[PDB]
file protein25.csv (CSV, N, CA, C and O atoms and all ligand atoms)
chain,number,residue,atom,x,y,z
A,1,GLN,N,117.2,106.1,120.6
A,1,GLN,CA,115.8,105.8,120.6
A,1,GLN,C,115.5,104.6,121.5
A,1,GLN,O,116.1,103.5,121.3
A,2,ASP,N,114.6,104.8,122.5
A,2,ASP,CA,114.2,103.7,123.3
A,2,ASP,C,112.9,103.0,122.8
A,2,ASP,O,112.6,101.9,123.2
A,3,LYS,N,112.3,103.5,121.7
A,3,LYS,CA,111.1,103.1,121.2
A,3,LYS,C,111.2,102.8,119.7
A,3,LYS,O,110.3,103.1,118.9
A,4,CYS,N,112.2,102.0,119.3
A,4,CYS,CA,112.3,101.6,117.9
A,4,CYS,C,111.2,100.6,117.4
A,4,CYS,O,110.6,100.8,116.4
A,5,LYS,N,111.0,99.6,118.3
A,5,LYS,CA,110.2,98.5,118.1
A,5,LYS,C,108.9,98.5,119.0
A,5,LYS,O,108.9,99.2,120.0
A,6,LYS,N,107.9,97.8,118.5
A,6,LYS,CA,106.6,97.8,119.2
A,6,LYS,C,105.7,96.7,118.7
A,6,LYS,O,105.5,96.7,117.5
A,7,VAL,N,105.3,95.9,119.5
A,7,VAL,CA,104.3,94.8,119.1
A,7,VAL,C,103.1,95.4,118.4
A,7,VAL,O,102.6,96.4,118.8
A,8,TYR,N,102.6,94.7,117.5
A,8,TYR,CA,101.3,94.9,116.8
A,8,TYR,C,100.3,93.9,117.6
A,8,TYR,O,100.4,92.7,117.5
A,9,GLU,N,99.5,94.4,118.6
A,9,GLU,CA,98.9,93.5,119.5
A,9,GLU,C,97.7,92.9,118.9
A,9,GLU,O,97.1,93.6,118.1
A,10,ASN,N,97.5,91.7,119.2
A,10,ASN,CA,96.4,90.9,118.6
A,10,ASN,C,96.5,90.7,117.0
A,10,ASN,O,95.5,90.5,116.3
A,11,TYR,N,97.7,90.7,116.5
A,11,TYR,CA,97.9,90.5,115.1
A,11,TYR,C,97.8,89.0,114.9
A,11,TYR,O,98.3,88.2,115.7
A,12,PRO,N,97.0,88.6,113.9
A,12,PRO,CA,96.9,87.1,113.7
A,12,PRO,C,98.2,86.4,113.5
A,12,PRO,O,99.1,86.7,112.8
A,13,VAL,N,98.3,85.3,114.3
A,13,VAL,CA,99.4,84.4,114.3
A,13,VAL,C,99.6,83.7,112.9
A,13,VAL,O,100.7,83.6,112.5
A,14,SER,N,98.5,83.4,112.3
A,14,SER,CA,98.5,82.8,111.0
A,14,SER,C,99.1,83.7,109.9
A,14,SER,O,99.9,83.3,109.2
A,15,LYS,N,98.8,85.0,110.0
A,15,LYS,CA,99.4,86.0,109.1
A,15,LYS,C,100.9,86.2,109.4
A,15,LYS,O,101.7,86.5,108.6
A,16,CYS,N,101.2,86.1,110.7
A,16,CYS,CA,102.6,86.2,111.1
A,16,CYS,C,103.5,85.1,110.4
A,16,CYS,O,104.6,85.4,110.0
A,17,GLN,N,102.9,83.9,110.1
A,17,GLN,CA,103.7,82.9,109.5
A,17,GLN,C,103.9,83.0,108.0
A,17,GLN,O,104.7,82.2,107.4
A,18,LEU,N,103.3,83.9,107.4
A,18,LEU,CA,103.3,84.1,105.9
A,18,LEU,C,104.1,85.2,105.5
A,18,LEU,O,104.2,86.2,106.1
A,19,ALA,N,104.8,85.1,104.3
A,19,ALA,CA,105.7,86.1,103.8
A,19,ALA,C,105.0,87.5,103.7
A,19,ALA,O,103.9,87.6,103.3
A,20,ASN,N,105.7,88.6,104.1
A,20,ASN,CA,105.4,89.9,103.8
A,20,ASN,C,104.3,90.5,104.6
A,20,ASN,O,104.2,91.8,104.7
A,21,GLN,N,103.5,89.7,105.3
A,21,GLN,CA,102.3,90.2,106.0
A,21,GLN,C,102.5,91.2,107.1
A,21,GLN,O,102.0,92.3,107.0
A,22,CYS,N,103.2,90.9,108.1
A,22,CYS,CA,103.6,91.7,109.2
A,22,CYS,C,104.3,93.0,108.7
A,22,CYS,O,104.1,94.0,109.2
A,23,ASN,N,105.3,92.8,107.8
A,23,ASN,CA,106.0,93.9,107.3
A,23,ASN,C,105.2,95.0,106.6
A,23,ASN,O,105.1,96.1,107.1
A,24,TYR,N,104.4,94.6,105.6
A,24,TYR,CA,103.6,95.5,104.9
A,24,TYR,C,102.4,96.0,105.7
A,24,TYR,O,102.0,97.2,105.5
A,25,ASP,N,101.8,95.3,106.7
A,25,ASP,CA,100.7,95.7,107.5
A,25,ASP,C,101.2,96.7,108.5
A,25,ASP,O,100.5,97.7,108.8
A,26,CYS,N,102.4,96.5,109.0
A,26,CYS,CA,103.1,97.5,109.9
A,26,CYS,C,103.2,98.8,109.1
A,26,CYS,O,102.9,99.8,109.6
A,27,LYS,N,103.7,98.7,107.9
A,27,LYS,CA,103.7,99.9,107.1
A,27,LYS,C,102.4,100.5,106.7
A,27,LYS,O,102.1,101.7,106.9
A,28,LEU,N,101.5,99.7,106.2
A,28,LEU,CA,100.1,100.1,105.9
A,28,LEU,C,99.4,100.7,107.2
A,28,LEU,O,98.8,101.8,107.1
A,29,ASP,N,99.3,99.9,108.2
A,29,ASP,CA,98.4,100.2,109.3
A,29,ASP,C,98.9,101.1,110.3
A,29,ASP,O,98.2,101.7,111.1
A,30,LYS,N,100.2,101.2,110.4
A,30,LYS,CA,100.9,101.9,111.5
A,30,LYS,C,101.9,103.0,111.1
A,30,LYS,O,102.4,103.7,111.9
A,31,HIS,N,102.1,103.0,109.7
A,31,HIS,CA,103.0,104.0,109.1
A,31,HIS,C,104.5,103.7,109.4
A,31,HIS,O,105.3,104.6,109.1
A,32,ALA,N,104.7,102.5,109.9
A,32,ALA,CA,106.1,102.2,110.4
A,32,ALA,C,107.0,101.9,109.2
A,32,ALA,O,106.5,101.9,108.0
A,33,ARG,N,108.2,101.8,109.5
A,33,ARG,CA,109.3,101.6,108.5
A,33,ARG,C,109.3,100.2,108.1
A,33,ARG,O,109.5,99.9,106.9
A,34,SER,N,109.0,99.3,109.0
A,34,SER,CA,109.1,97.8,108.8
A,34,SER,C,108.4,97.0,109.8
A,34,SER,O,107.9,97.6,110.8
A,35,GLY,N,108.3,95.7,109.6
A,35,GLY,CA,108.0,94.8,110.7
A,35,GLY,C,108.4,93.4,110.5
A,35,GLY,O,108.7,93.1,109.3
A,36,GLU,N,108.5,92.7,111.5
A,36,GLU,CA,108.9,91.2,111.4
A,36,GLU,C,108.2,90.4,112.5
A,36,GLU,O,108.1,90.9,113.6
A,37,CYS,N,108.0,89.1,112.2
A,37,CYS,CA,107.5,88.2,113.3
A,37,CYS,C,108.6,87.4,114.0
A,37,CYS,O,109.5,86.9,113.4
A,38,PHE,N,108.5,87.4,115.3
A,38,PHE,CA,109.6,86.8,116.2
A,38,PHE,C,108.8,86.0,117.3
A,38,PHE,O,107.8,86.5,117.7
A,39,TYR,N,109.3,84.9,117.8
A,39,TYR,CA,108.9,84.5,119.1
A,39,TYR,C,109.3,85.4,120.2
A,39,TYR,O,110.3,86.1,120.0
A,40,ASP,N,108.6,85.3,121.3
A,40,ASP,CA,109.0,85.9,122.6
A,40,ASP,C,109.4,84.8,123.5
A,40,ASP,O,109.5,83.6,123.0
A,41,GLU,N,109.7,85.0,124.7
A,41,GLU,CA,110.3,84.1,125.6
A,41,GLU,C,109.3,83.0,126.1
A,41,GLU,O,109.7,81.9,126.3
A,42,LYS,N,108.0,83.3,126.0
A,42,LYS,CA,107.0,82.2,126.2
A,42,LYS,C,106.7,81.4,124.9
A,42,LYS,O,105.7,80.7,124.9
A,43,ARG,N,107.5,81.6,123.9
A,43,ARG,CA,107.4,80.9,122.6
A,43,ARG,C,106.2,81.1,121.8
A,43,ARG,O,105.7,80.2,121.2
A,44,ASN,N,105.6,82.3,121.8
A,44,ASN,CA,104.6,82.6,120.8
A,44,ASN,C,104.9,83.8,119.9
A,44,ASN,O,105.5,84.8,120.3
A,45,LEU,N,104.5,83.6,118.6
A,45,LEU,CA,104.8,84.5,117.6
A,45,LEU,C,104.1,85.8,117.7
A,45,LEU,O,102.8,85.8,117.8
A,46,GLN,N,104.8,86.9,117.5
A,46,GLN,CA,104.3,88.2,117.5
A,46,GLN,C,104.9,89.0,116.3
A,46,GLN,O,106.0,88.8,115.9
A,47,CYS,N,104.0,89.9,115.8
A,47,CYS,CA,104.4,90.9,114.8
A,47,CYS,C,105.0,92.2,115.4
A,47,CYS,O,104.3,93.0,116.1
A,48,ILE,N,106.2,92.5,115.2
A,48,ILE,CA,106.9,93.6,115.9
A,48,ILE,C,107.2,94.6,114.8
A,48,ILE,O,108.0,94.4,113.9
A,49,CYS,N,106.5,95.8,114.9
A,49,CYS,CA,106.8,96.9,114.0
A,49,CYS,C,108.0,97.6,114.5
A,49,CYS,O,108.3,97.6,115.7
A,50,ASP,N,108.7,98.2,113.5
A,50,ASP,CA,109.9,98.9,113.8
A,50,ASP,C,109.7,100.3,113.2
A,50,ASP,O,109.4,100.4,112.0
A,51,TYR,N,110.0,101.3,114.0
A,51,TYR,CA,109.8,102.7,113.6
A,51,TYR,C,111.1,103.4,113.4
A,51,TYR,O,111.1,104.6,113.2
A,52,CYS,N,112.2,102.7,113.3
A,52,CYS,CA,113.5,103.3,113.1
A,52,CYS,C,114.2,102.8,111.9
A,52,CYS,O,115.0,103.6,111.3
A,53,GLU,N,114.0,101.6,111.6
A,53,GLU,CA,114.7,101.0,110.5
A,53,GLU,C,113.7,100.2,109.5
A,53,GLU,O,112.7,99.6,109.9
A,54,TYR,N,114.2,100.2,108.3
A,54,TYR,CA,113.4,99.7,107.1
A,54,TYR,C,113.8,98.2,107.1
A,54,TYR,O,114.7,97.7,107.7
B,1,NA,NA,108.8,88.3,105.4

call {"tool": "encode", "arguments": {"input": "protein25.csv", "output": "structure tokens", "more": "lines below"}}
Ligand code: NA
result
Amino acid sequence: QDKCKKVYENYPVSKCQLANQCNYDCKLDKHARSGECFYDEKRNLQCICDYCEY
């Protein structure tokens, strides 16, 4: 799979900082298996949904 992960674009950064938010919104809003917040190389937080793994 080349497309396991995918940013949730314009996802609130404030929500990214809080437990469960990105994970459950990824599941709720995108039907994804999971999500997590990570920085990127420009050092800003993003919510990355994962469609392969829980
Ligand atoms: Na969490």

call {"tool": "residues_around", "arguments": {"input": "protein25.csv", "residues": "region 28-40 of chain A", "least_positions_apart": "2", "cutoff": "8 Å", "atoms": "only C-alpha atoms", "output": "compact mmCIF listing (two decimals) with N, CA, C and O atoms, in the frame of the given file"}}
result
# COMPACT_ATOMS: atom_id res chain seq x y z
N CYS A 16 101.20 86.10 110.70
CA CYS A 16 102.60 86.20 111.10
C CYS A 16 103.50 85.10 110.40
O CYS A 16 104.60 85.40 110.00
N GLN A 17 102.90 83.90 110.10
CA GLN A 17 103.70 82.90 109.50
C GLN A 17 103.90 83.00 108.00
O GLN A 17 104.70 82.20 107.40
N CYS A 22 103.20 90.90 108.10
CA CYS A 22 103.60 91.70 109.20
C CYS A 22 104.30 93.00 108.70
O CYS A 22 104.10 94.00 109.20
N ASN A 23 105.30 92.80 107.80
CA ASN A 23 106.00 93.90 107.30
C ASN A 23 105.20 95.00 106.60
O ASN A 23 105.10 96.10 107.10
N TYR A 24 104.40 94.60 105.60
CA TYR A 24 103.60 95.50 104.90
C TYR A 24 102.40 96.00 105.70
O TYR A 24 102.00 97.20 105.50
N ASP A 25 101.80 95.30 106.70
CA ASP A 25 100.70 95.70 107.50
C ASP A 25 101.20 96.70 108.50
O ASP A 25 100.50 97.70 108.80
N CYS A 26 102.40 96.50 109.00
CA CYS A 26 103.10 97.50 109.90
C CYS A 26 103.20 98.80 109.10
O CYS A 26 102.90 99.80 109.60
N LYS A 42 108.00 83.30 126.00
CA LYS A 42 107.00 82.20 126.20
C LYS A 42 106.70 81.40 124.90
O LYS A 42 105.70 80.70 124.90
N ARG A 43 107.50 81.60 123.90
CA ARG A 43 107.40 80.90 122.60
C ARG A 43 106.20 81.10 121.80
O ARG A 43 105.70 80.20 121.20
N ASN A 44 105.60 82.30 121.80
CA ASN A 44 104.60 82.60 120.80
C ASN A 44 104.90 83.80 119.90
O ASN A 44 105.50 84.80 120.30
N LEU A 45 104.50 83.60 118.60
CA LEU A 45 104.80 84.50 117.60
C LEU A 45 104.10 85.80 117.70
O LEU A 45 102.80 85.80 117.80
N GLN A 46 104.80 86.90 117.50
CA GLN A 46 104.30 88.20 117.50
C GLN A 46 104.90 89.00 116.30
O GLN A 46 106.00 88.80 115.90
N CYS A 47 104.00 89.90 115.80
CA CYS A 47 104.40 90.90 114.80
C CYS A 47 105.00 92.20 115.40
O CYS A 47 104.30 93.00 116.10
N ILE A 48 106.20 92.50 115.20
CA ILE A 48 106.90 93.60 115.90
C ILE A 48 107.20 94.60 114.80
O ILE A 48 108.00 94.40 113.90
N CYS A 49 106.50 95.80 114.90
CA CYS A 49 106.80 96.90 114.00
C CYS A 49 108.00 97.60 114.50
O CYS A 49 108.30 97.60 115.70
N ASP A 50 108.70 98.20 113.50
CA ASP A 50 109.90 98.90 113.80
C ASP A 50 109.70 100.30 113.20
O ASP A 50 109.40 100.40 112.00
N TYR A 51 110.00 101.30 114.00
CA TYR A 51 109.80 102.70 113.60
C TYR A 51 111.10 103.40 113.40
O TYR A 51 111.10 104.60 113.20
N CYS A 52 112.20 102.70 113.30
CA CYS A 52 113.50 103.30 113.10
C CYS A 52 114.20 102.80 111.90
O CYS A 52 115.00 103.60 111.30
N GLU A 53 114.00 101.60 111.60
CA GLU A 53 114.70 101.00 110.50
C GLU A 53 113.70 100.20 109.50
O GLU A 53 112.70 99.60 109.90
N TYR A 54 114.20 100.20 108.30
CA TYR A 54 113.40 99.70 107.10
C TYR A 54 113.80 98.20 107.10
O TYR A 54 114.70 97.70 107.70

call {"tool": "atom_distance", "arguments": {"input": "protein25.csv", "atom1": "atom N of residue 20 (chain A)", "atom2": "atom O of residue 41 (chain A)"}}
result
23.5 Å

call {"tool": "closest_residue", "arguments": {"input": "protein25.csv", "among": "A:19, A:12, A:27, A:7", "to": "ligand NA 1 (chain B)", "atoms": "only N, CA, C and O atoms and all ligand atoms"}}
result
A:19

call {"tool": "atom_distance", "arguments": {"input": "protein25.csv", "atom1": "atom O of residue 4 (chain A)", "atom2": "atom O of residue 18 (chain A)"}}
result
19.0 Å

call {"tool": "select_by_dssp", "arguments": {"input": "protein25.csv", "residues": "region 2-47 of chain A", "states": "strand (DSSP E)", "output": "NGL selection string"}}
result
:A and (5-7 or 34-39 or 45-47)

call {"tool": "decode", "arguments": {"input": "protein25.csv", "residues": "region 17-46 of chain A", "atoms": "N, CA and C atoms", "output": "CSV table (one decimal), in the first residue's frame"}}
result
chain,number,residue,atom,x,y,z
A,17,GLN,N,-3.7,18.6,19.8
A,17,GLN,CA,-3.0,18.5,21.1
A,17,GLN,C,-3.7,17.7,22.2
A,18,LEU,N,-4.9,17.4,22.0
A,18,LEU,CA,-5.8,16.8,23.0
A,18,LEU,C,-6.0,15.3,22.8
A,19,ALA,N,-6.1,14.5,23.8
A,19,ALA,CA,-6.2,13.0,23.7
A,19,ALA,C,-7.4,12.6,22.9
A,20,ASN,N,-7.3,11.6,22.0
A,20,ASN,CA,-8.3,10.9,21.3
A,20,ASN,C,-8.9,11.6,20.1
A,21,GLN,N,-8.7,12.9,20.0
A,21,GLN,CA,-9.5,13.7,19.0
A,21,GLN,C,-9.2,13.4,17.6
A,22,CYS,N,-8.0,13.5,17.1
A,22,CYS,CA,-7.6,13.1,15.8
A,22,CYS,C,-7.9,11.6,15.5
A,23,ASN,N,-7.7,10.7,16.4
A,23,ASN,CA,-8.0,9.3,16.3
A,23,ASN,C,-9.4,9.0,16.0
A,24,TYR,N,-10.3,9.5,16.9
A,24,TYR,CA,-11.7,9.2,16.8
A,24,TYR,C,-12.4,10.0,15.6
A,25,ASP,N,-11.9,11.2,15.3
A,25,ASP,CA,-12.4,12.0,14.2
A,25,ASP,C,-12.1,11.4,12.9
A,26,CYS,N,-10.8,10.9,12.8
A,26,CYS,CA,-10.4,10.1,11.6
A,26,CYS,C,-11.4,9.0,11.4
A,27,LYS,N,-11.7,8.2,12.4
A,27,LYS,CA,-12.6,7.2,12.3
A,27,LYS,C,-14.1,7.7,12.0
A,28,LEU,N,-14.5,8.6,12.8
A,28,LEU,CA,-15.8,9.2,12.6
A,28,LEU,C,-16.0,9.8,11.2
A,29,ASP,N,-15.1,10.8,10.8
A,29,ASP,CA,-15.3,11.6,9.7
A,29,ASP,C,-14.8,11.0,8.4
A,30,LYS,N,-13.9,10.1,8.5
A,30,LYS,CA,-13.2,9.6,7.3
A,30,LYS,C,-13.3,8.1,7.1
A,31,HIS,N,-13.9,7.4,8.1
A,31,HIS,CA,-14.1,6.0,8.2
A,31,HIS,C,-12.8,5.2,8.3
A,32,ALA,N,-11.7,5.9,8.7
A,32,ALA,CA,-10.4,5.4,8.7
A,32,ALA,C,-10.3,4.5,9.9
A,33,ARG,N,-9.1,3.7,9.9
A,33,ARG,CA,-8.9,2.8,10.9
A,33,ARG,C,-8.4,3.5,12.2
A,34,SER,N,-7.7,4.6,12.0
A,34,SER,CA,-7.0,5.3,13.1
A,34,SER,C,-6.5,6.7,12.7
A,35,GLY,N,-6.1,7.5,13.6
A,35,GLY,CA,-5.3,8.6,13.3
A,35,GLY,C,-4.4,9.1,14.4
A,36,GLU,N,-3.4,9.8,14.1
A,36,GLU,CA,-2.5,10.4,15.1
A,36,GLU,C,-2.0,11.8,14.7
A,37,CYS,N,-1.7,12.6,15.7
A,37,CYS,CA,-1.0,13.9,15.4
A,37,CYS,C,0.5,13.9,15.5
A,38,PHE,N,1.2,14.4,14.5
A,38,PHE,CA,2.7,14.4,14.3
A,38,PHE,C,3.1,15.8,13.8
A,39,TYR,N,4.3,16.2,14.2
A,39,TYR,CA,4.8,17.3,13.4
A,39,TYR,C,5.3,16.9,12.1
A,40,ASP,N,5.4,17.8,11.2
A,40,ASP,CA,6.0,17.6,9.9
A,40,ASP,C,7.4,18.4,10.0
A,41,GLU,N,8.1,18.4,8.9
A,41,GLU,CA,9.5,18.9,8.9
A,41,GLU,C,9.6,20.5,9.1
A,42,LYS,N,8.5,21.2,8.7
A,42,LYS,CA,8.4,22.6,9.1
A,42,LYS,C,7.9,22.9,10.5
A,43,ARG,N,7.9,21.8,11.3
A,43,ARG,CA,7.4,21.8,12.7
A,43,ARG,C,6.1,22.3,13.0
A,44,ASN,N,5.1,21.9,12.2
A,44,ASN,CA,3.7,22.1,12.7
A,44,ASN,C,2.9,20.9,12.7
A,45,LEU,N,2.0,20.8,13.7
A,45,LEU,CA,1.2,19.6,14.0
A,45,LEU,C,0.1,19.4,13.0
A,46,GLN,N,0.0,18.2,12.6
A,46,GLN,CA,-1.0,17.7,11.7
A,46,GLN,C,-1.6,16.4,12.2
